[PDB]
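A quick write-up on the structure given underneath.
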Amino acid sequence: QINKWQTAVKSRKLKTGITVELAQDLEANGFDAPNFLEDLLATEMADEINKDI
Amino acid sequence: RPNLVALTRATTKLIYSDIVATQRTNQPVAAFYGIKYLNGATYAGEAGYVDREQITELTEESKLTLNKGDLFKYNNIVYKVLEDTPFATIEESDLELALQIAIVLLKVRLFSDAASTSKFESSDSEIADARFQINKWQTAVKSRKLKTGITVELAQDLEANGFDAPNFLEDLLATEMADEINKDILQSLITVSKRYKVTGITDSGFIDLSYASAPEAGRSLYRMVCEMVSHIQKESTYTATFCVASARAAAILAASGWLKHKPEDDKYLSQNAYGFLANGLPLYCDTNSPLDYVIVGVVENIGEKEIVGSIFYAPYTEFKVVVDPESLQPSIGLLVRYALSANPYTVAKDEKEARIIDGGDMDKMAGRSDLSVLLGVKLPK
Amino acid sequence: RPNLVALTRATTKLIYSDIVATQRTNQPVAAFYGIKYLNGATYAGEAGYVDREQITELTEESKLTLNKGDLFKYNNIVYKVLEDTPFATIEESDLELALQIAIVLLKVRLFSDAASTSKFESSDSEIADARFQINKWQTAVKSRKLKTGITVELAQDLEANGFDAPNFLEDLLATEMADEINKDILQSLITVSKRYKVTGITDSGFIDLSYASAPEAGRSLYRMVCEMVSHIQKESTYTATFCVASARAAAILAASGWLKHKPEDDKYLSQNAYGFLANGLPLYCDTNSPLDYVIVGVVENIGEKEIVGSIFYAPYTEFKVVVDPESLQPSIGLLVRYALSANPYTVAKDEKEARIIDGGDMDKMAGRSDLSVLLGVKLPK
Amino acid sequence: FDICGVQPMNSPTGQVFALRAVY
Numbered sequence: 162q163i164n165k166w167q168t169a170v171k172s173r174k175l176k177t178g179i180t181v182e183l184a185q186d187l188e189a190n191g192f193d194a195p196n197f198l199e200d201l202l203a204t205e206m207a208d209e210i211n212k213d214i
Numbered sequence: 021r022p023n024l025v026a027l028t029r030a031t032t033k034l035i036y037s038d039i040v041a042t043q044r045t046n047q048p049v050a051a052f053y054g055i056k057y058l059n069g070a071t072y073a074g075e076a077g078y079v080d081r082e083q084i085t086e087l088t089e090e091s092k093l094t095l096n097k098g099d100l101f102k103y104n105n106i107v108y109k110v111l112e113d114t115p116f117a118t119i120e121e122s123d124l125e126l127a128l129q130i131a132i133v134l135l136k137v138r139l140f141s142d143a144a145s146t147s148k149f150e151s152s153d154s155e156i157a158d159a160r161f162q163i164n165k166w167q168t169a170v171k172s173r174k175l176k177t178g179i180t181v182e183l184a185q186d187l188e189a190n191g192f193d194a195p196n197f198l199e200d201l202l203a204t205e206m207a208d209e210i211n212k213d214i215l216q217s218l219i220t221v222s223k224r225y226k227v228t229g230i231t232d233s234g235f236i237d238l239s240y241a242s243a244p245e246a247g248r249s250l251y252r253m254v255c256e257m258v259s260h261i262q263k264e265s266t267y268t269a270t271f272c273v274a275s276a277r278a279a280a281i282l283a284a285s286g287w288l289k290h291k292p293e294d295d296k297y298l299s300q301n302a303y304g305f306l307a308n309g310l311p312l313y314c315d316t317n318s319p320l321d322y323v324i325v326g327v328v329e330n331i332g333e334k335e336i337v338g339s340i341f342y343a344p345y346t347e360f361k362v363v364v365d366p367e368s369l370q371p372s373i374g375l376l377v378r379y380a381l382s383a384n385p386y387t388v389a390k391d392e393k394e395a396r397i398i399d400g401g402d403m404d405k406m407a408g409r410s411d412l413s414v415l416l417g418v419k420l421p422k
Numbered sequence: 021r022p023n024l025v026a027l028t029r030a031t032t033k034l035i036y037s038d039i040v041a042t043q044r045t046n047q048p049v050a051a052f053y054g055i056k057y058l059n069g070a071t072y073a074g075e076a077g078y079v080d081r082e083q084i085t086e087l088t089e090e091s092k093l094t095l096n097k098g099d100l101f102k103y104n105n106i107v108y109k110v111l112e113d114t115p116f117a118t119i120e121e122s123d124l125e126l127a128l129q130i131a132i133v134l135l136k137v138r139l140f141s142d143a144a145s146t147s148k149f150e151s152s153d154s155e156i157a158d159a160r161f162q163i164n165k166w167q168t169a170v171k172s173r174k175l176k177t178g179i180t181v182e183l184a185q186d187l188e189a190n191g192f193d194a195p196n197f198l199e200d201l202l203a204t205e206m207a208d209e210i211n212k213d214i215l216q217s218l219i220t221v222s223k224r225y226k227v228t229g230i231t232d233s234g235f236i237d238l239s240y241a242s243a244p245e246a247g248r249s250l251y252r253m254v255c256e257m258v259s260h261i262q263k264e265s266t267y268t269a270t271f272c273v274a275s276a277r278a279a280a281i282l283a284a285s286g287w288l289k290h291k292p293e294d295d296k297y298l299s300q301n302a303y304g305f306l307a308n309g310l311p312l313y314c315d316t317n318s319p320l321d322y323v324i325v326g327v328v329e330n331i332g333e334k335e336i337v338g339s340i341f342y343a344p345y346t347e360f361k362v363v364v365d366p367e368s369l370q371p372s373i374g375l376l377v378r379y380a381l382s383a384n385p386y387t388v389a390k391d392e393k394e395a396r397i398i399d400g401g402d403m404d405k406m407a408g409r410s411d412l413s414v415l416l417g418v419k420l421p422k
Numbered sequence: 109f110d111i112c113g114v115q116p117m118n119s120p121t122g123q124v125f126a127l128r129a130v131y
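Protein chains in written order, with the entry's author numbering: chain hh, 162 to 214; chain hg, 21 to 59, 69 to 347, 360 to 422; chain hf, 21 to 59, 69 to 347, 360 to 422; chain bf, 109 to 131.
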C-alpha cells in the first residue's frame, strides 16, 4: 500500500557568527571572512542536522 | 620574485604540505587561523543547557524516579523517557552503560530539540551558541639556510657536467632544503601530538610488540592505529585524514597485510606518500626520529582555507638563491623562511594566556594538539 | 647511425634498465655521477655542530642533571628539556631507549635550530654545509659480442623463412644480447649490494626457510624483504624503488599472497618485471644466479638525471649488426658496448683514494652499495 | 598624527621599521 502522512517542518537556529572585535579579526581575515564565516556556520548547522538525522 | 616562485613551487612538492594546514603569509609573522572547542552531541544553546540542568543530572539515585514523558540528561545529551521507571529492568550499576543499554532497549530515546516555529517565536526564545570557537594567532617566520652549493673544483666538475649542472645543482640543493623543512614539520607534529592514551596509555603502557611482548605480525599495532582514528572521531568533528609513521613502526610493519604500497597514485594519495593503510589514510614516513612512532590526525578546510590542523605552515616569500664567489668558490646559498605553529589556544583558557605564548613554541604546545595523536611503539628489535 | 639507434631503442627495452641508474656516454669511458653523505637529522652547519659540542654528549651520568630549558644532543639530534631532570623517572638503562621514552613522555623535545634572520646575521654565524656530495668518476666502456647469426644452409633456411627472417634473426640476436647484458647487470647488483644484516645477519644468520628450518608459506621471507626496505629508508633519503629475486627465492616463493603477478603490465611496473610485491616495487626475476637471493634497493633522479643508484649503466652509441662473408657462412655479428659501474666513492674517503680505484672494479665495490641490500636465502630444496 | 612614522599596516602584526643606530 502507499501511505501518506504529514509532519511539521521543524527548525534549529544559531547566533554563532560572532562579530565586534571579531569583526576586526574577520576584517584581518577579510580576504576570505565574509563567505568563510557563513560557510563555517553552515557547516556546524549541518553537523547538528546530521546528528539529528 | 619569479625565481623564488618557480623554485618554491617546484620544490615544496617534496614536503608533507598536507599533514599540516597550509596557510601563507607576506608578513614577518604569519597570521594563522584555526578552530577549537569544548564539548560532542546535540545543541550548544544556553536555553537548552538550562533545560538540561532543569530536568536532571541522571544520578543513579534518580534514574528510577523518572517516568514516561520525562527528560533527563547525561554528559550533556538530553534523552527522553519511554514508559515508566526507565532502567527498572537494567541490572547495570554503571550509569554510562545502563544508559547505553536503555537506549538500545528503547527504555529511553535520544532527544531531538528540533522544534516548531511556534516554540521559538512564541517564547521569543534564545538561540544556540557556537559549537566552535575561532582563533587567530601570530607566529614569527623563521629562516633556515643552506651554504650547500659547493663550487670551485666542483665548478669544473659542474662544467664537465654542464649539460645538466646549472639547474641540477640548484634543484639538488633545493631538495636538501625540502628535506630539512619536512623534518622540521615532523618534529613539531611529534611534539604537539597528544599521546594516544587508553587506561594509562594504550592499554596500560605504550604498545609493545617487542620480543619481550608480542612479535606477532604487527596486527596489534594496526588495531591500535585504527583506534587512534577512533579517538580523533570521538573527540572532534573529523575523521583522521593522514598518518605518518617510521619505517619500522608501520611502513614495513604493516606490510604484513595492513598496508598497501601505493598500488595507485593518480587518485587519493599525495606524491610523497609511502602508500596507505588497510584502514587507510595516506601513509607518510619520516625515517629519522628514533621514536619509531605512529601519528594519526586531521587537516580540514572551509572552501580554500585550511582552518584545521595540529600544525600550520605559512611560508613567506618576496626559495631564494645567492652566490658568494670568494677566491675560486662561486658557491650557492639557499634561503627559505616560514612560520610553523600549533593553535596556541589549546594551551590557553583565554586571550590573556594566548597573548603571552607562541603557537611556534613547542615546549608549551607539547602534547596539546587534539587534532592528532601519537603512539609510542616498542618494536621487535 | 639511425639503424643502430633503432636497434638499441628496440632492444634495451628488454633489460632491467630501471634497476640501475641510467646515464649515457659518447666517450670511451662513461662519466658517471652520484650522491653520498656520512651521518639522519637536523642541520649540517658548523654553528650547529659547535652549539651541540657546547652542550653535552648526553652521557648517561649527565642525562638527569639537565633541567627545564636546557639543550642536549645525542647521535647528532638536538633536543630541548621539558620540565626538570628528564629521565629521572625513566628506569631504562639503555640510553637509546631511555631517550625514545623521554621523547614520547614529553620529558625532552625534538629541537629545531630554525631562527629569525636576526639571530643568524647578528651572530654572523655559519650556515649548513652540504649533506650530500656529488662525486664523479670515469669507467671504461666494455663490450660483449656475438658471431652467432649463422647463415650457409641456414641462409637457405632463412630464405625459406624469408617472409621475415632478416629482421627475425637480428631481433633474436639482439634479444640474446640483451639477456647477457641483463645478466652482467644483475651480477654487478648482486656484488655491490650490502649484505643485509641484523644481529649477526638477518637475526643471527641468513634467513633460512629450509625444510629443517621453516618451510612455512614464505611469509617469513616477505617479512625480511620488507625489513630490507626499512633499511633503505633508514640509511638513506629514498624508499626502495625496485626489487629483484630469483624465482625460487621470491618470484615464486612469495607467490603465497605476498607477491602480485603483474595483474596490470603498465601500472607501477615495467614491461620486464615479473610482477610487484604485495608491498609494491616492481619485482624482477633473475632466474640464472645460483644464489637464490633477494635484492632491495633504489634508483632515483634529480630532474632528468638518474644520479642515484648502486649500479650505473651508460651505453656508448654514435647494438651494431654486421655480416661477415667468411667461407660460405655470412653470419651476423652483434656488438654492444657500455660502461657498467658502482659509485667508487662508497669505498673511498676522498679523491686520493678515488683516483686509484674504479667504479667498474667489482672486486673492490663488493658489498659497498649503501643504496641496496641483499638477503641470502636458504631455501626448502 | 604627524610626529611619528606612520608606515600604515595592511594587517595586524604588522610591523614598523626604524633607523636604529648601531650603538
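Positions of the beta carbon are idealized from the N, C-alpha and C atoms, including for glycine.
Proximal residues of chain hg, C-beta to C-beta of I132(hf) below 9 angstroms
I219, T220, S318, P319, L320, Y322 and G417
Classification of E205(hg) by the beta-carbon crowding that lies within 10 angstroms, buried from 16 upward
buried
Exposed unless 16 or more other CB atoms sit within 10 angstroms - verdict on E256(hf)
buried
With 7 angstroms as the C-beta to C-beta threshold (strictly closer), list the residues of the region 23-56 of chain hg near chain bf in chain order.
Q47, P48, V49 and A51
Going by the beta-carbon positions, is the gap between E75(hf) and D158(hf) smaller than 8 angstroms?
yes
Alpha carbon of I281(hf) to alpha carbon of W287(hf), nearest angstrom
10 angstroms
Best match in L312(hf), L187(hf) and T270(hf) for proximity to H290(hf) [C-alpha to C-alpha]
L312(hf)
With respect to the beta strand (DSSP E) encompassing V133(hf), which residues constitute its N-terminal and C-terminal limits?
Counting along the chain, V133(hf) falls outside any beta strand (DSSP E), though it belongs to the alpha helix (DSSP H) covering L124 to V133.
Alpha carbons only, please: which of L100(hg), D321(hg), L375(hg) and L187(hg) is nearest the one belonging to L128(hf)?
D321(hg)
For the structure I just gave you, are there three or more beta carbon pairs, one from the region 137-152 of chain hg and one from the region 108-123 of chain hg, closer than 8 angstroms?
yes
Hey, is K165(hh)'s beta-carbon within less than 8 angstroms of any beta-carbon in chain hg?
no
Any chance you could list the beta strand (DSSP E) runs of at least 3 consecutive residues sitting entirely within the region 74-152 of chain hf, in chain order?
100-103, 106-110 and 137-139
CB of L218(hf) within 8 angstroms of CB of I340(hf), strictly
yes
If you follow the alpha helix (DSSP H) that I336(hf) is part of, which residue opens it and which one closes it?
Segment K334 to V337 is the beta strand (DSSP E) holding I336(hf); no alpha helix (DSSP H) there.
Proximity test, Cβ basis, 8 angstroms: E205(hh) and chain hg
yes
So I84(hg) contacts chain hf; which residues on that side make the cut at Cβ distance below 8 angstroms?
By Cβ distance, chain hf contributes nothing, its closest Cβ being about 41 angstroms from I84(hg), past 8 angstroms.
So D200(hh) is in the alpha helix (DSSP H); what residue range does that whole segment cover?
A194 to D213
Taking Cβ positions only, does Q115(bf) come closer than 8 angstroms to chain hg?
no
Cβ of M403(hg) within 8 angstroms of any chain B Cβ
Among the protein chains of the structure shown, namely hh, hg, hf and bf, there is no chain B.
Pick out whichever of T114(hf), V328(hf) and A279(hf) has its Cα sitting closest to the Cα of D315(hf).
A279(hf)
Where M117(bf) and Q123(bf) are concerned, what is the direct C-alpha to C-alpha distance, given to the nearest angstrom?
7 angstroms
Under 8 angstroms by Cβ, that's how I've got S259(hf) and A276(hg) pegged, so tell me the actual separation to the nearest angstrom.
4 angstroms
Return yes when the Cβ of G326(hg) is within less than 8 angstroms of the Cβ of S242(hg), no when it is not.
no
Beta carbon of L187(hh), beta carbon of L198(hh): below 8 angstroms?
yes
Against chain hf, with Cβ distances strictly below 8 angstroms, would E120(hg) count as a contact?
no
Would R160(hg) and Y57(hg) be called neighbours here (beta carbons separated by less than 8 angstroms)?
yes
Looking at the structure shown, is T180(hh) part of a helix, part of a strand, or coil, going by DSSP?
coil
Local Cβ density within 10 Å of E335(hg), reported as buried at 16 or more and exposed below that:
buried
CB of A276(hg) to nearest heavy atom of the ligand ATP: below 7 angstroms?
Absence of the ligand ATP is noted for the structure shown, with no ligands found whatsoever.
With a CB to CB cut of under 7 angstroms and the five nearest residues on each side skipped, what residues in its chain are close to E182(hh)?
none
Any contact between the region 410-422 of chain hf and the region 222-234 of chain hf? By contact I mean 3 or more CB pairs, one from each, below 8 angstroms.
yes
Need the endpoints of the alpha helix (DSSP H) that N23(hf) sits in, please.
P22 to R29
Run through DSSP, which three-state label would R252(hf) get?
helix
Whose CA, out of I163(hg), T177(hg), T268(hg) and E245(hg), lies closest to the CA of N384(hg)?
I163(hg)
Identify every residue that forms a DSSP beta bridge with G309(hf).
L306(hf)
How many angstroms separate the CA atom of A131(hg) from the CA atom of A50(hg)?
50 angstroms
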